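Shown next, in structure tokens, is the structure this report addresses.
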Amino acid sequence: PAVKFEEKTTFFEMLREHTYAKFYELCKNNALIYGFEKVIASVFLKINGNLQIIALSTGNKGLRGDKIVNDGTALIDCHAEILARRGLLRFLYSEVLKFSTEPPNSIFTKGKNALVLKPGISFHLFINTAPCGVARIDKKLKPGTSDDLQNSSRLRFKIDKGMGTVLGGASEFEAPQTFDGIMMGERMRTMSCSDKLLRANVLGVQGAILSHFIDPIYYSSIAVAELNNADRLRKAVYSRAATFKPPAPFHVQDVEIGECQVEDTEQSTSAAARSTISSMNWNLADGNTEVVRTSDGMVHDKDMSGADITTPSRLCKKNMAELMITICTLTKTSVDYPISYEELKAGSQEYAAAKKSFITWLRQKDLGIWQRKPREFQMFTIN
Amino acid sequence: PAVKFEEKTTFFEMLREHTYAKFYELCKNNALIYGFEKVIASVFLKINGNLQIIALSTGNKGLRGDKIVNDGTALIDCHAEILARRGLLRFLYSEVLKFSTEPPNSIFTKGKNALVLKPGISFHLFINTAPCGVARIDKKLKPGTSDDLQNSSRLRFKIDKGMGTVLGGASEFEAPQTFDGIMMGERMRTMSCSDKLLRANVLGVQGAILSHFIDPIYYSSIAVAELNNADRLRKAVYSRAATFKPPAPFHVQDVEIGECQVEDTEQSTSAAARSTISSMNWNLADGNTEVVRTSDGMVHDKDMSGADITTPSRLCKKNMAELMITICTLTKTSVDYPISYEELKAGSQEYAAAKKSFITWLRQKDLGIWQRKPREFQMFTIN
Amino acid sequence: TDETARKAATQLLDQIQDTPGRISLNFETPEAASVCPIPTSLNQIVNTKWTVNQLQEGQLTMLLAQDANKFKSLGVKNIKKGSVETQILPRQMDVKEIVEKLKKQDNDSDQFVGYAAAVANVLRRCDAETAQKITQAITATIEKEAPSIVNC
Amino acid sequence: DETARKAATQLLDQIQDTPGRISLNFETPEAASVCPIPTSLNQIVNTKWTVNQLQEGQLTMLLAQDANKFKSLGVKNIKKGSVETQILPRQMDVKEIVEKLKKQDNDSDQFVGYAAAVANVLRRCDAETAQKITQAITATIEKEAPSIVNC
Ligand SMILES: O=P(O)(O)O[C@H]1[C@@H](OP(=O)(O)O)[C@@H](OP(=O)(O)O)[C@@H](OP(=O)(O)O)[C@@H](OP(=O)(O)O)[C@H]1OP(=O)(O)O
Ligand SMILES: O=P(O)(O)O[C@H]1[C@@H](OP(=O)(O)O)[C@@H](OP(=O)(O)O)[C@@H](OP(=O)(O)O)[C@@H](OP(=O)(O)O)[C@H]1OP(=O)(O)O
Ligand SMILES: [Zn+2]
Ligand SMILES: [Zn+2]
Numbered sequence: 113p114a115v116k117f118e119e120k121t122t123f124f125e126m127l128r129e130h131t132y133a134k135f136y137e138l139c140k141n142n143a144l145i146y147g148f149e150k151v152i153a154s155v156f157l158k159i160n161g162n163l164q165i166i167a168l169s170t171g172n173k174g175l176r177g178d179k180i181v182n183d184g185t186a187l188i189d190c191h192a193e194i195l196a197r198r199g200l201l202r203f204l205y206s207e208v209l210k211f212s213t214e215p216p217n218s219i220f221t222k223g224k225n226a227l228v229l230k231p232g233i234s235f236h237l238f239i240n241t242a243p244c245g246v247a248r249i250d251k252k253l254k255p256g257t258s259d260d261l262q263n264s265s266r267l268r269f270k271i272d273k274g275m276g277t278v279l280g281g282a283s284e285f286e287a288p289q290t291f292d293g294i295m296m297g298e299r300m301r302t303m304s305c306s307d308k309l310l311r312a313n314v315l316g317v318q319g320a321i322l323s324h325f326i327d328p329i330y331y332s333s334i335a336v337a338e339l340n341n342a343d344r345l346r347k348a349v350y351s352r353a354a355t356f357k358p359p360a361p362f363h364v365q366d367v368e369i370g371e372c373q374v375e376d377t378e379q380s381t382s383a384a385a386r387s388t389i390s391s392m393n394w395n396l397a398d399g400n401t402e403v404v405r406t407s408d409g410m411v412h413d414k415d416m417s418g419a420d421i422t423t424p425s426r427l428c429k430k431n432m433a434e435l436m437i438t439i440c441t442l443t444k445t446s447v448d449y450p451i452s453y454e455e456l457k458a459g460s461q462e463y464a465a466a467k468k469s470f471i472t473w474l475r476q477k478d479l480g481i482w483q484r485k486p487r488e489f490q491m492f493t494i495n
Numbered sequence: 113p114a115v116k117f118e119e120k121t122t123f124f125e126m127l128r129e130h131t132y133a134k135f136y137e138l139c140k141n142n143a144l145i146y147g148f149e150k151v152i153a154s155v156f157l158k159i160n161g162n163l164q165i166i167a168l169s170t171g172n173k174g175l176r177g178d179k180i181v182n183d184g185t186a187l188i189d190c191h192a193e194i195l196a197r198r199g200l201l202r203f204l205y206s207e208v209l210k211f212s213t214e215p216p217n218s219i220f221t222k223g224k225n226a227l228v229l230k231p232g233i234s235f236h237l238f239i240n241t242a243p244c245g246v247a248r249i250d251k252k253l254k255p256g257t258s259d260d261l262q263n264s265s266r267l268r269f270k271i272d273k274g275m276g277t278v279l280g281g282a283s284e285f286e287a288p289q290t291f292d293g294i295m296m297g298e299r300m301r302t303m304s305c306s307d308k309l310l311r312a313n314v315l316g317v318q319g320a321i322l323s324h325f326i327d328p329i330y331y332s333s334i335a336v337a338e339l340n341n342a343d344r345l346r347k348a349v350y351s352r353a354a355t356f357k358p359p360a361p362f363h364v365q366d367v368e369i370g371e372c373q374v375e376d377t378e379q380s381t382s383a384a385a386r387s388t389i390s391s392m393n394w395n396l397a398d399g400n401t402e403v404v405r406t407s408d409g410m411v412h413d414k415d416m417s418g419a420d421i422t423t424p425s426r427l428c429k430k431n432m433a434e435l436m437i438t439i440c441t442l443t444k445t446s447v448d449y450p451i452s453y454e455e456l457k458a459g460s461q462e463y464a465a466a467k468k469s470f471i472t473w474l475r476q477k478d479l480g481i482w483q484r485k486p487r488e489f490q491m492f493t494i495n
Numbered sequence: 066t067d068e069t070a071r072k073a074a075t076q077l078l079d080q081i082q083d084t085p086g087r088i089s090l091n092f093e094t095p096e097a098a099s100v101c102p103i104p105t106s107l108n109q110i111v112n113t114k115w116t117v118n119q120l121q122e123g124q125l126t127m128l129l130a131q132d133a134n135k136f137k138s139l140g141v142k143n144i145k146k147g148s149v150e151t152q153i154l155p156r157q158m159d160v161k162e163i164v165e166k167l168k169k170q171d172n173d174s175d176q177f178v179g180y181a182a183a184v185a186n187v188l189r190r191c192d193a194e195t196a197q198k199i200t201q202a203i204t205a206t207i208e209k210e211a212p213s214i215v216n217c
Numbered sequence: 067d068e069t070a071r072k073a074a075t076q077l078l079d080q081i082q083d084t085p086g087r088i089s090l091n092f093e094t095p096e097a098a099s100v101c102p103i104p105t106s107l108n109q110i111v112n113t114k115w116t117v118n119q120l121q122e123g124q125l126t127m128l129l130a131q132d133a134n135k136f137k138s139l140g141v142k143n144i145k146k147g148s149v150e151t152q153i154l155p156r157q158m159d160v161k162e163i164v165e166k167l168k169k170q171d172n173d174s175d176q177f178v179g180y181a182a183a184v185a186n187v188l189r190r191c192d193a194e195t196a197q198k199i200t201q202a203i204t205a206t207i208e209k210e211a212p213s214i215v216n217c
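Structure (structure tokens):
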């Protein structure tokens with residue numbers, strides 16, 4: 113049962129309890145997702161004391177290097193928080209459409225130059241475990257030496273195999289990743305979930321493509337089911353860029369972290385269920401669960417003859433681009449016909465400038481090198 | 113208690129008898145370590161017709177996955193033949209100090225570019241049983257497929273809380289180890305004692321840090337009580353890397369392999385006597401025994417009748433580095449500051465090149481991938 | 066302890082099961098509101114006419130099924146922006162100086178990723194007849210120079 | 067049977083009276099035969115050094131010993147960058163390489179597979195033979211396609 117003494121912590125437990133409660137409700141439809149509770153994350157929408165789960169996802173692995181594609185049909189990262197953010201993006205597209213048909217019905221209202229969230233709307237992220245990277249590499253009460261603390265705050269990246277991250281020391285891996293090189297055998301570097309959450313609180317969670325329509329959206333709170341979790345998560349997520357001054361409208365979100373003070377998920381997260389290779393994601397926008405094979409980053413199914421087939425996931429780059437094109441064609445927004453995925457993302461001057469400033473500031477303050485994917489990942493044309 | 117059948121090859125018999133006699137002599141000072149002698153190893157200093165034990169150690173288990181540390185205070189490997197090498201390292205440090213003050217008293221002499229061992233002085237290693245890994249076969253390593261002949265030389269490694277030794281590169285082991293990966297329950301891989309003895313025979317026993325002062329030191333012989341294992345022991349520690357040609361200061365030592373006529377291997381302490389968790393080690397340099405808990409690699413003690421105290425071992429990386437800096441300060445050999453443990457080991461140019469060449473050669477010859485520890489294990493600063 | 070606190074606790078525990086993922090914190094009584102203490106920074110209570118229950122599962126599918134006439138505009142337009150890297154979309158056209166360099170060069174500390182990339186790039190550009198002459202040639206060189214590595 | 071047991075009893079005494087120190091009776095063929103050492107380990111040198119001064123706990127005494135009488139060794143330590151040798155390739159088995167080095171529909175994969183096979187063949191080769199394979203491949207490429215590689 114949902115065991116919690118309803119004192120002094122309840123809200124974040126209610127985030128924890130309702131995440132697992134929704135998960136098992138999804139298992140009632142598709143029992144195939146049994147055992148995926150190892151690493152699960154969710155996003156909640158809060159209004160005036162009311163909560164509604166927006167996106168739910170699980171996963172602790174990523175795309176393998178030899179399975180990369182240039183058409184954007186593969187999910188590069190399948191960690192729980194990343195897929196929760198992607199489902200949140202899909203819900204945001206749905207809400208933008210809802211505004212486009214009935215402004216009163218939607219969470220958005222027309223701002224000065226873009227869609228702005230209505231007053232009282234807040235988004236909260238919950239993770240059953242500490243995000244990989246800086247937030248996990250320390251659990252001791254104190255490090256003692258300040259130097260070992262600052263190298264404990266350096267940017268880290270995951271690799272195409274394994275459930276941990278590798279310290280990307282300064283002046284190392286400055287060479288851009290290449291599509292041919294990764295296919296030749298080189299392991300694909302992808303940034304850790306801690307640095308991805310840092311980016312989410314700096315540049316917003318909405319991403320580059322949604323930045324055409326809406327103002328930046330930030331997580332109001334990030335909840336983890338680990339008992340202490342207090343200073344380390346702050347350092348990993350907000351404090352590293354607390355001195356950064358992003359250009360307008362972006363700002364560094366002073367996100368709040370609240371701890372699930374009982375039933376902290378470590379045994380259910382750090383053993384046994386790691387044998388799974390399939391991740392799943394759910395969102396309010398679609399209302400149904402989708403299971404994605406993490407090794408190749410695509411959702412597989414049995415054909416009409418009972419044989420295995422593959423298809424792109426709804427959270428992939430190509431599907432998001434197609435959804436946004438549908439948004440524009442329904443909203444009557446004029447767009448250039450021949451464009452690529454990165455050209456559309458580069459079409460946001462403010463978001464692109466803020467991202468470049470953030471990466472350059474991370475460069476100057478020697479937090480590390482941000483591991484950009486090869487450009488060929490985003491050169492595919494959509495229409 | 114009683115040796116047998118003199119006039120045969122019995123120098124190794126004397127080594128075994130004196131190792132056991134020294135262990136039983138250390139029992140009287142500390143009655144806690146009774147029954148540990150199931151897996152015991154020792155190192156002897158030889159000069160002409162005089163023998164002197166300088167390192168003695170016990171243990172057959174290693175560091176647990178969830179108890180790893182980043183400050184280098186934990187003993188990662190507590191196997192008997194490894195803690196013996198660490199005690200030998202401490203003895204060599206003591207001998208370097210003795211050379212600093214009394215050149216005629218120390219075993220070292222001033223060479224062309226580094227301290228060189230005195231003529232006639234040699235070190236001999238004794239192990240109660242066969243080293244873990246290649247040197248022993250009990251189960252499932254039997255004929256039936258000709259491809260298993262390759263596995264007779266391939267590298268093997270240990271696993272935290274695991275038993276026996278497993279081959280490398282099956283489905284998961286072809287990936288780097290990560291601190292935040294071992295945290296939350298990835299299996300930490302430590303190379304088997306058979307492969308570590310191969311590294312000792314190729315790059316020397318002095319290690320990276322002690323290579324700053326002294327030329328490489330090699331075991332003159334390795335003695336294992338277990339009968340008829342001499343052929344396989346020689347294959348595990350010398351033959352499979354005989355063709356390797358390390359840089360000029362290093363060479364592959366043709367270690368003499370010997371066995372004792374009277375021997376026993378039934379003592380394996382795995383539900384054999386009491387399933388001992390802790391281990392002990394003794395160094396001539398210190399002159400007193402020490403007991404560590406291999407589950408965490410720390411010395412556990414009691415004081416004021418009510419407390420449990422965790423204390424780093426004298427063989428831990430932090431203590432070895434502290435001894436190194438004390439030696440340098442005492443001898444006025446200036447060292448850079450700040451400097452990490454990884455930087456200090458990498459500072460030994462000749463040893464680092466030899467180690468890289470050895471690992472690369474092992475990889476090329478399809479012997480296996482040498483499973484390096486995460487860099488976070490050795491990033492701590494020394495001051 | 067208190068009966069009101071017990072009632073609020075039972076309310077929230079039952080709400081966990083009645084509709085998972087949907088929460089309604091107690092606000093009908095200030096004492097009963099203490100069962101779920103909102104964080105000080107998250108307690109930004111404000112008057113708004115919109116409410117949670119207006120979110121429906123599968124709303125994206127519902128909105129796509131609507132007719133195109135119901136949908137209004139936002140007064141915006143999207144403009145392409147050429148990436149700072151001007152290199153062409155398929156990197157089959159590796160720069161000629163580059164691909165010659167990684168083939169003529171000797172220091173393969175990149176562990177042959179560069180050489181393999183150059184080999185793939187020259188293979189792609191060559192005619193199908195020239196490509197096959199090249200790849201049996203590379204095969205023969207591999208089987209002749211290093212037979213201990215290939216013929217297992 | 068003379069002097070053999072008289073030699074043996076000394077070794078039998080050492081294991082009980084002086085644990086950890088072994089003395090072998092040399093310079094007497096009858097006494098030397100009781101515990102013959104291997105000829106590889108027979109490094110008899112007339113050194114002035116003796117093992118008797120290896121005092122137990124010598125490190126403790128030397129550390130508390132005054133720093134004045136600790137003369138310098140001459141050497142000096144300098145850091146070097148811990149080369150981030152992250153294991154670059156995803157390894158593949160030899161039986162794997164042979165098939166992918168043999169496929170004829172390589173152009174459909176844009177020659178990625180064949181080049182990967184070539185790379186991992188080169189990776190597992192020794193430096194001399196890998197370099198010679200490199201020159202051979204460059205030579206056959208320059209011979210077969212001067213049109214594409216302008217040299
Ligand atoms: O997968 P996400 O974390 O959701 O973020 C991904 C992606 O990151 P991954 O490569 O790890 O998937 C890119 O980040 P890079 O790794 O390439 O830096 C990319 O960033 P760029 O577009 O700057 O390359 C972009 O993030 P953004 O939305 O800020 O553009 C992108 O999101 P999409 O998958 O939706 O493109
Ligand atoms: O004494 P061991 O238990 O065998 O420890 C060694 C030792 O490291 P320490 O100095 O920390 O004891 C090695 O160092 P050198 O032989 O080079 O002095 C080496 O470390 P590096 O290869 O990193 O230099 C290696 O570590 P690894 O396993 O990463 O190869 C290994 O440590 P483990 O005990 O962790 O096996
Ligand atoms: Zn993660
Ligand atoms: Zn062992």
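Chains as they are written, first to last, in full-length UniProt numbering: chain A, 113 to 495; chain B, 113 to 495; chain C, 66 to 217; chain D, 67 to 217. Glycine included, every Cβ here is placed at the ideal spot set by N, Cα and C.
Among the residues facing chain C, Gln-157 of chain D is not included, as its CB has no counterpart in that chain under 7 Å away.
Interface flag for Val-181 of chain A against chain C is unset, since no Cβ pair is found closer than 7 Å. Contact annotation: in the stretch 279 to 291 of chain B, residues whose CB is within less than 9 Å of a CB in chain A are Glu-284, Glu-286, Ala-287, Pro-288, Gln-289, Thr-290, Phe-291. In the DSSP secondary-structure assignment, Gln-164 of chain B is bridged to B:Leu-157, D:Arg-87. Judged by DSSP secondary structure, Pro-424 of chain B falls outside any alpha helix (DSSP H) and instead within the beta strand (DSSP E) spanning 419 to 424.
Under the DSSP definition of a beta bridge, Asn-395 of chain B partners with B:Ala-167. Proximity of the beta carbon of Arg-484 of chain A to ligand 1 is indicated: a heavy atom of the ligand is located closer than 6 Å. When distances are taken from the beta-carbon of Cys-244 of chain A to the heavy atoms of ligand 3, the shortest one is below 6 Å. Look at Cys-190 of chain A: its beta carbon is at least 6 Å from all of the heavy atoms in ligand 3. Just so you know, the alpha carbons of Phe-177 of chain D and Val-184 of chain C end up roughly 9 Å apart.
DSSP places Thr-116 of chain C in the coil class of the three-state scheme, outside both helix and strand. Take the alpha-carbon of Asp-292 of chain B and the one of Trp-473 of chain A: they are about 26 Å apart. Residue nearest to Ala-465 of chain A within the set A:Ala-192, A:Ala-196, A:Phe-362, A:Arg-248 is A:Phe-362 (criterion: CA-CA distance).
In summary, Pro-155 of chain C is exposed, with fewer than 16 beta-carbon neighbours lying within 10 Å of its beta-carbon over all protein chains present. If you ignore the 5 residues before and after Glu-402 of chain A, its C-beta comes within less than 7 Å of the C-beta of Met-392, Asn-393, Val-411, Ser-425, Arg-426, all in its own chain and listed in chain order. At a cut-off of 7 Å between beta carbons, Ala-205 of chain D makes no contact with chain A. DSSP places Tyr-331 of chain B in the uninterrupted beta strand (DSSP E) bounded by 331 to 336. Secondary structure in the stretch 217 to 274 of chain A: the alpha helix (DSSP H) runs of 4 residues or longer, each lying completely within the stretch, are 258 to 262 in chain order. With a threshold of 7 Å between beta carbons, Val-149 of chain D makes no contact with chain A.
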